[PDB]
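Okay, here we've got a single chain as structure tokens, the form deposited in one PDB entry, with questions on binding and movement later.
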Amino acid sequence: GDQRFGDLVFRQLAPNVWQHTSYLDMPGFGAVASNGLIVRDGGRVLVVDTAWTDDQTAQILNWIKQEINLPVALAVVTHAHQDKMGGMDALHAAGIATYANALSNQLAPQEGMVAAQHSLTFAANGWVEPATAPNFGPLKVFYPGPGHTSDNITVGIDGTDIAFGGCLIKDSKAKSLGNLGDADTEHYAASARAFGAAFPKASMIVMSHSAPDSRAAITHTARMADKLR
């Protein structure tokens, strides 16, 4: 069951995998939830995405200390928007090694974000260049193409049925594709489908702005995105 911890919510999804959820009261929209992941890999913890703020991200680290009590070896963040990278300073203050798409790091200052310490680069087929993601353990990083943003990346978790679409994917009942301000409308549908094709065995799709869903999240997202082009 959901665990309320301060102003955040944590949900166990699998052995060794939890979803973190944080909220930003954005004037004109409401209080917007954003989800990321926490993965235990043996004697260390790996984080996917910050919370919206430094204070909230420090609370994620406090929850990890309380509930897992192992060091956080690294974090990977999935594009240069506040819901995914707003808490980078808190990660750095904690001594955690941070990673983002090279393009996210390039974009970070202009987006009002602090860059990660390390840049991921990607092969033409979308898989991360392995030398740029050292010690990622079960995290399998894939660039599906431009969609929600030009820089959006995705993460599969080996040893589980889980793949994380970040803000690219919406659930199977969503009425819209959410924040398209920085979107690539031409390529969105193909990028959503490429995410699915990269992680064909994933039966639980985790995403930023919906609760976990089946692979119908991918097909529905792509079908909605067909209407953008």
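Basically, rigid core = biggest C-alpha set you can superpose within 1.5 Å across the two forms. The first residue of the shown sequence is 1; numbering continues from there.
Q: Between 90-98 and 118-126, which has the larger average Cα B-factor in the PDB entry?
A: Looking at the record's C-alpha B-factors, the answer is 118-126.
Q: Please compare 173-181 with 36-44 and say which has the higher mean C-alpha temperature factor in the record.
A: Higher mean C-alpha B-factor: 173-181.
Q: When you compare the CA B-factors of 83, 111, 151, 158 as listed in the entry, which one comes out on top?
A: The C-alpha B-factor peaks, among 83, 111, 151, 158, at 158.
Q: In terms of recorded Cα temperature factor, pick the maximum from 192, 162, 58, 68.
A: Among 192, 162, 58, 68, the highest C-alpha B-factor in the entry belongs to 68.
Q: Sort the modelled residues of this chain by their C-alpha B factor and say whether residue 167 lands in the lowest, middle or highest third.
A: Residue 167: CA B-factor falls in the lowest third of its chain.
Q: Comparing against every modelled residue in the chain, figure out the third that the C-alpha B-factor of residue 14 lands in (lowest, middle or highest).
A: Answer is highest: the recorded C-alpha B-factor places it there.
Q: Comparing residue 210 with the other modelled residues of its chain, is its CA B-factor in the lowest, middle or highest third?
A: Ranked within chain, residue 210 CA B lands in the highest tercile.
Q: Of the three thirds of its chain by CA temperature factor, lowest, middle or highest, which one includes residue 51?
A: Tercile = lowest for this residue's CA B-factor.
Just so it is clear, the following notes concern the form solved in complex with a small molecule, a form of the same protein that is not shown.
Q: Using a 4.5 Å heavy atom cut-off, which residue among 198, 189, 204, 32 comes into contact with the small molecule in the deposited bound form?
A: Checking each option against the small molecule in the deposited bound form, the one that comes within 4.5 Å is 32.
Q: Given the small molecule in the deposited bound form, answer whether the residues 52, 178 and 209 all have a heavy atom inside 4.5 Å of it.
A: Result yes, every residue of the spot touches the small molecule.
Q: Which single stretch, out of 63-71, 190-198, 38-46, 24-32, brings residue heavy atoms within 4.5 Å of the small molecule in the deposited bound form?
A: So the stretch in question is 24-32.
Q: Can residue 132 be called a contact residue for the small molecule in the deposited bound form at 4.5 Å between heavy atoms?
A: Result no; residue 132 lies far from the small molecule in the deposited bound form.
Q: Counting only non-hydrogen atoms and a 4.5 angstroms cut-off, does residue 167 reach the small molecule in the deposited bound form?
A: The answer is yes: residue 167 has a heavy atom within 4.5 Å of the small molecule.
Q: Would you classify residue 82 as touching the small molecule in the deposited bound form, given a 4.5 Å non-hydrogen atom cut-off?
A: Taking the distances in the deposited bound form, the answer for residue 82 is yes, it comes within 4.5 Å of the small molecule.
Q: Once you line up the core, how about residue 70: does its CA shift reach 2 Å between the shown form and the other one?
A: It does not reach a 2 Å shift.
Q: Answer yes if the CA of residue 197 moves 2 Å or more between the shown form and the other one after aligning the rigid core, and no otherwise.
A: The answer is no, as the C-alpha of residue 197 shifts between the shown form and the other one by less than 2 Å after core alignment.
Q: Core aligned, does the CA of residue 27 move at least 2 Å between the shown form and the other one?
A: Passes the 2 Å threshold, so yes.
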